[PDB]
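# Descriptive structure summary
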Number of protein chains: 2
Amino acid sequence: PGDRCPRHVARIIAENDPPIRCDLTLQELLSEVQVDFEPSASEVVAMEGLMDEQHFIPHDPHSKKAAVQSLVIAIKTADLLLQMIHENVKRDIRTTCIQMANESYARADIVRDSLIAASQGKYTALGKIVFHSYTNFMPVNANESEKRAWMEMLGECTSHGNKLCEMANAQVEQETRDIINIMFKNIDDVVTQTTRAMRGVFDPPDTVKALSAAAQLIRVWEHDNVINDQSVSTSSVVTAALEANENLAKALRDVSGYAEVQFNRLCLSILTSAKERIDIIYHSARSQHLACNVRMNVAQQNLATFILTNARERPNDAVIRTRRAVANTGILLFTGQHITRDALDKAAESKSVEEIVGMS
Amino acid sequence: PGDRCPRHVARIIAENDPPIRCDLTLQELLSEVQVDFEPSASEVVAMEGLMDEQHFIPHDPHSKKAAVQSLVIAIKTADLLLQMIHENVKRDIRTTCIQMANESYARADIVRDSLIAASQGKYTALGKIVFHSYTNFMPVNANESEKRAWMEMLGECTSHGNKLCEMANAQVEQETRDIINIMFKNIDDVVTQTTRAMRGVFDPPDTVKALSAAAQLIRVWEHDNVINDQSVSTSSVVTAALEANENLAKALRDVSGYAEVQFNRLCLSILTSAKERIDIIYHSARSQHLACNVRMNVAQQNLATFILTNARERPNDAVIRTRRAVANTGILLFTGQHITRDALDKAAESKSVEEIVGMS
């Protein structure tokens, strides 16, 4: 279908074990012949006719037989409704949870595309900073053909610095992907936890007292007392079997009522907080991406002030100090650490690993 | 103080590294003599007097000296304000985060006491179920002195079943504690993540163009041009040094404005979602506790129907089947699994491990 759930998430949604039905089975209540009953059309109308207001004969074995059959039908119907109630509870949860899943993965892609949009953009902050304030670092003498050579030496430092921006774009791409993978993994966990939570809290009222009483009257009347054949008050048996069916109807309406009213309150309180924290998953991923970009912005400024200061103070060693600073601090960039100017200063003191081995 | 933070959480709040100041230092801008300036009272009034509307002499070396000193003071003041702005940003975050921490641990104890309240309550569901419907499982004969022996055999089964309730209380206590430890650990992580997030997003405007220009005029005037001693337009130097100070004031107000207005918007959006998901931590812990209690309620009902069915069908083997069912399924209880009646049925078939070795 249009399902976006991963492999293991659809497994957790597919399972139907957590909501467990603890009601008495038919085999504990009725005989195998009574389970395989399926009454004829006339037998049904005879049962339905007991609810009609009437005066009963002191010995009406036809109506007394319908009173026994009414209990068998009432129990069989009660069991079917209970299964349907449970099967209806499972079905609603899957529909609720799959809908929240697909709704959440949809917005996740919107966030994913939005994060890659800003991460593909190249870092120009270092170039802009030097370009706007390079004049305030030129020497005081400012001879005609002396400033042109200072600008050429500056360009060697700036080109060496843009290699750090190139490293920064490589890192922010890798981090953005790691951010996205955390986001989806989190959404997966929310959907998993939500489905199990709704099932885990389903605690319907028990139906033992209603079922056990109905199966006992059947056991008493059918073979021990043989009430239908002996002279016994028919109005007593009809009144007994009628209140027994209503006790079953009360129990089922009490159970279905819990599923419709009280249990539904729980599932909404779950779904709300589930929906709430998915919204947080989005906002969290966005601020993580922002915080990463801020770390790169910090490094460019520190490099910019490192370049401009060394360009004025040590214009002879500037290009070499810039190269050594960028190479010896780039490892800090890929390890996700910050790049302080103290680190840039102390790094320019040492030779790069590339020039030591001679790889370059 | 009244701090409830754990050991490692107060460490994360105490650190002040993540907000990094990248502004130009005084040593890159001024001479060591200019840093150690501390002007006399008359020198200050001379500087402040340049802003007064007046017509300047074509060569006023007294006012021109104050113009140079005004830049030195303007830079020194700018650096102090920038440090204070950062130190003010760190201070507000700690106050904001410690407050949210203590506010959250307070409600956590309220939840902790509330969960232990319901977990200390003993499980009586199995006893209640049998007590209300035991009559509907007595045999049909119902001889005078035959039902009294059936009740005694039932009591042996019920007492054996209350050992499972005793195991259930042991588990729900252990799980409730595990729930509480997860809750506090989660609150710890939220507080940690919140503090670092606010620091990680602080990205103030740079002050390079404003500082570099002011230090350059000082370098030009002081020793290269010697403007104060040579006949040079005084109104030109005052107008130059006045616009330089205002460029510094604009930059500081632009930086402080970001901290007060734009960065504060970020920290509130963080704090809100931080506060939001802590509320979820509470509601999550409560539903986990509920879902545990539901699993125990399921086991009691399955045992209750297992006891009542075996009491009517197999009253001779009931007590032994009950004992074997409870012992062979109790391991499922402590492993956190559900106790289906199918499991209770299949477990009563095998002897208990205790009766095999003879430990009992």
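Above: the structure in question.
Residues numbered from 1 in each chain as written, not as in the entry; some residues may be left out. Chains lettered and ligands numbered in written order. Heavy atoms only, no water.

### Observations concerning the overall build of chain A
- From N to C terminus, chain A includes eleven helices and zero strands.
- A compact globule built from 360 residues would reach a C-alpha radius of gyration of about 21 Å, whereas chain A, at 40 Å, exceeds it by more than 25%.
- Overall, chain A is about 135 × 40 × 30 Å in size when its C-alpha atoms are taken along their principal axes.
- Buried positions account for 44% of the 360 residues belonging to chain A.
- At a minimum sequence separation of 6, the contacts of chain A that also span at least 24 residues come to 87%.
- Just so you have it, chain A exposes about 18,700 Å², and 53% of that area is on carbon and sulfur atoms.
- Mean positive and mean negative side-chain charge positions of chain A (38 and 47 charges, respectively) differ by 12 Å. (Helix = DSSP H or I, 4+ residues; strand = E, 2+ residues; numbered from the N terminus. Rg over C-alpha atoms; globule rule 2.2 N^0.38 Å. Buried < 20%, exposed > 50% of the residue type's maximum accessible area, 1.4 Å probe, protein only. Contact = heavy atoms within 4.5 Å. Areas by Shrake-Rupley, 256 points an atom, 1.4 Å probe, with all protein chains shown as cover. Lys, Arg positive; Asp, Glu negative; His and termini not counted. Charge placed at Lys NZ, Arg CZ, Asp CG, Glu CD.)

### Focus on the packing of aromatic side chains
All names here are of chain A.
- The final tally for this structure, using the stated rule, is eight aromatic pairs over all chains.
- Summarising the aromatic geometry, the rings of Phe 202 and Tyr 258 are spaced 5.6 Å apart at their centres and angled 40 degrees between planes, so their arrangement reads as tilted. Pair noted here: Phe 202 is in the loop between α6 (147-200) and α7 (208-225) and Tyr 258 is in helix α8 (residues 234-313), with a separation of 56 residues, a long-range link.
- On the numbers, 4.6 Å between centres and 65 degrees between planes, the contact of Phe 202 with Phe 263 is edge-to-face. Note that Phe 202 is positioned in the loop between α6 and α7 and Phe 263 in helix α8, a separation of 61 residues in sequence. Accessibility assignment for this pair places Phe 202 and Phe 263 in one class, buried. (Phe/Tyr/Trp six-rings, centres within 6.5 Å; stacked < 30°, edge-to-face > 60°.)

### Comments concerning the interface of chain B and chain A
- At the interface, 49 residues of chain B touch 49 residues of chain A.
- Carbon and sulfur atoms supply 58% of the area that chain B and chain A bury against each other, a total of about 4,300 Å² over both sides.
- Put simply, chain B and chain A have two salt bridges between them.
- Connecting chain B to chain A are 18 residue pairs in polar contact.
- Taken together, the elements giving at least two residues each to the side of chain B that touches chain A come down to α5 (125-133), α7 (208-225) and α8 (234-313) of chain B.
- When residues of the side of chain B that touches chain A are assigned to their parent elements, the largest contribution, 19 residues, is made by α8 of chain B.
- Tallied by class, residues from the side of chain B that touches chain A come to 21 nonpolar, 18 polar and ten charged. (Buried area = accessible area lost by both parts, 1.4 Å probe. Salt bridge = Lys/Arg side-chain N within 4 Å of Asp/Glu carboxyl O. Polar contact = N/O pair within 3.5 Å; in protein donor to acceptor, adjacent residues only side chain to side chain. Nonpolar A, V, L, I, M, F, W, Y, C, P; charged D, E, K, R; others polar.)

### Some remarks on the nonpolar core
- Judged by nonpolar contacts, the single largest core of 99 residues is most densely connected at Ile 75, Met 183, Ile 187 and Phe 263 of chain A together with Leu 303 of chain B.
- Each residue touching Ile 187 of chain A, except ones within four places of it in the same chain, is listed here: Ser 104, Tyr 105, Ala 108, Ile 278, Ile 281 and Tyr 282 of chain A.
- Counting residues in hydrophobic clusters, the runner-up holds 96 residues, among them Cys 157 of chain A together with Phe 184, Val 201 and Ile 270 of chain B. (Core = buried A, V, L, I, M, F, W, Y, C linked by side-chain atoms within 4.5 Å.)

### Looking at the relation of the copies chain B and chain A
- Its rotation angle being 180 degrees, the transformation that places chain B on chain A also includes 0.0 Å of axial translation and leaves an RMSD of 0.0 Å. Those values place the two copies in the arrangement expected of a two-fold rotation axis. Minimal C-alpha distance to the rotation axis in chain B is attained by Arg 277 of chain B, lying at 3.2 Å.
- Of the interface residues in chain B, 100% have counterparts in chain A that sit at the interface too, so the contact is made through matching surfaces. (Least-squares fit on C-alpha atoms.)

### Details of the packing of helix α4 (residues 61-120) of chain B against α8 of chain B
Residue and element names in this part refer to chain B.
- Viewed as axis vectors pointing N to C, α4 and α8 meet at an angle of 5 degrees, and their least axial separation amounts to 11 Å. Judged on the interaxial angle alone, α8 and α4 are roughly parallel.
- Here the contact of α4 with α8 is built from residues that sort into 29 nonpolar, ten polar and five charged. (Axes fitted to C-alpha atoms, helices over the stretch in contact; angles between N-to-C directions. Parallel < 35°, antiparallel > 145°, perpendicular 65-115°, else oblique.)

### Observations concerning the pattern of salt bridges
- Counted by the stated rule, this structure contains 36 salt bridges over all chains.
- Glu 15 of chain B is the salt-bridge partner of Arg 199 of chain B, the closest N and O atoms lying 3.7 Å from each other. Remark: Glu 15 of chain B occurs in the loop between α1 (7-14) and α2 (32-35) and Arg 199 of chain B occurs in helix α6 (residues 147-200); sequence separation between them is 184 residues.
- Look at the salt bridges and you will find they share partners, linking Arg 4, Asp 109, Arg 112 and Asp 113 of chain A into a network.

### Examining the packing of helix α5 (residues 125-133) of chain A against α7 of chain B
- Contact geometry for α5 of chain A and α7 of chain B: axes closest at 10 Å, N-to-C directions at 30 degrees. One finds that α5 of chain A runs roughly parallel with respect to α7 of chain B. Classified by chirality, the crossing of α7 of chain B by α5 of chain A is right-handed. On the side of α5 of chain A, the interface is formed by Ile 129, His 132 and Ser 133 of chain A, while α7 of chain B contributes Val 208, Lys 209 and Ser 212 of chain B.
- Residues that form the contact of α5 of chain A with α7 of chain B fall into these classes: two nonpolar, three polar and one charged. (Left-handed = near helix turned anticlockwise from the far one by under 90°.)

### Focus on a nonpolar patch on the surface
- A cluster of nonpolar side chains, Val 353, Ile 356, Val 357 and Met 359 of chain A, forms an exposed patch at the surface whose accessible area comes to about 480 Å².
- The topology assignment puts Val 357 of chain A in helix α11 (residues 353-357). (Patch = residues over 30% accessible without salt bridge, like charges linked within 9 Å, V, L, I, M, F, W, Y side chains within 5 Å.)

### Here we look at the layout of surface pockets
Residue and element names in this part refer to chain A.
- In this structure, the second largest pocket encloses a volume near 410 Å³.
- Going through the elements one at a time, α3 (41-48), α4 (61-120) and α8 are the ones with two or more residues in the lining of the second largest pocket.
- Per element, the largest residue contribution to the lining of the second largest pocket is seven residues, and it comes from α8.
- For the lining of the second largest pocket, the per-class residue count stands at twelve nonpolar, three polar and three charged. (1 Å grid on protein atoms, 1.4 Å probe; cavity = no way out; pocket = protein on both sides within 12 Å on 5 of 7 lines; lining within 4 Å. Points joined across faces, edges and corners; volume = space filled by probe spheres on them.)

### A short note on the environment of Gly 155 of chain B
- Within the fold, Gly 155 of chain B resides in helix α6.
- Taking the C-alpha atoms as reference, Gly 155 of chain B lies 9.0 Å from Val 319 of chain B; in sequence the two are 164 residues apart.

### Here's the deal with the environment of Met 153 of chain B
- Along the polypeptide, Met 153 of chain B turns up in helix α6.
- Measuring from C-alpha to C-alpha, the distance between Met 153 of chain B and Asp 317 of chain B comes to 9.9 Å, with 164 residues separating the pair along the chain.

### Some thoughts on the side chain of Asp 23 of chain B
Residues and elements named next belong to chain B.
- Among the secondary structure elements, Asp 23 is positioned in the loop between α1 and α2.
- With relative accessibility at 13%, the residue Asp 23 sits in the buried group.
- In terms of polar contacts, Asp 23 uses its side chain to reach the side chain of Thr 207, at 2.7 Å.
- With residues up to four places along the chain from it excluded, the contact list for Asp 23 reads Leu 82, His 86 and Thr 207.

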